[PDB]
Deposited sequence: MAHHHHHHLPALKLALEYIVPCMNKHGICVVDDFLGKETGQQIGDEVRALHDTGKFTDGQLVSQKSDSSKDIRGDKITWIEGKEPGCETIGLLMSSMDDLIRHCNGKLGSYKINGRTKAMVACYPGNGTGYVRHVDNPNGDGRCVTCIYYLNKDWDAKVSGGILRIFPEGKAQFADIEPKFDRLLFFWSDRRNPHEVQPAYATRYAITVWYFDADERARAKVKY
């Protein structure tokens, strides 16, 4: 619909992501890339799944019934995942220096995750409990016409010492940010349909450096 227009990265970062993160430690951004790019992402992820590039989750870490694959972004057939990753980077670049006291200087590759339905989820956990440098978790969802009433698969976040929790449906073209540390324990509710997500973690220069030394 031609009546809608994309917020530039700078505008989205400063008018929404930065305040939202500093206040709530969680930020949801819908309609990040648009339908075409989102569908292409979905295609690429399904291809990775179909061509058997995923490793079982309970082998990497029971905790989980998921399976994952790491994507650098430049691999043949992963170009659109590459663009997603660069788009994530753009947002973060416009945030850097305003997300708490963090100084973002790098990130992980993208972890593509698949919950193959059939009741698979992920128990309550913290992404970075041992201060390994990862300060912000960034997740992109690409599940066309997801209905959590039927399929479940809600990400529930329990921000530390808050009287509220957050239910995030893994909606098509939804982007999510949250603090990676103990401030945000979270769980994936059982999924009853194939559930895909793509996650990167951004590093704090200081913590990352201290993680490697000590």
Missing residue ranges, deposited sequence indexing starting at 1: 1-2, 64-70, 224
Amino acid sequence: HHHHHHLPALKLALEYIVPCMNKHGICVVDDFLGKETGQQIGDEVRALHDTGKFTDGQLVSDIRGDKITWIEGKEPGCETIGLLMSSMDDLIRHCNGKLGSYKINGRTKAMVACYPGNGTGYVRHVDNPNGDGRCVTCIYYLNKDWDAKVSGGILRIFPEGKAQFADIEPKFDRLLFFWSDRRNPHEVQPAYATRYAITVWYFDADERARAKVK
From here on, numbers count along this sequence of modelled residues.
Residue range whose averaged C-alpha B-factor is higher in the record, 46-54 or 142-150: 142-150
Average Cα temperature factor in the PDB entry - higher stretch of 121-129, 96-104: 96-104
Per the PDB entry, maximal CA B factor within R183, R64, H186, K162: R64
Entry-reported Cα temperature factor of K171, expressed as the chain third it lands in: middle
Modelled-residue ranking by C-alpha temperature factor, third containing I41: middle
Ranked C-alpha temperature factor of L59 among modelled chain residues, by third: highest
Chain third (lowest, middle, highest) by recorded CA B-factor, residue given as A9: lowest
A191, C-alpha B-factor rank within chain (lowest, middle or highest third): middle
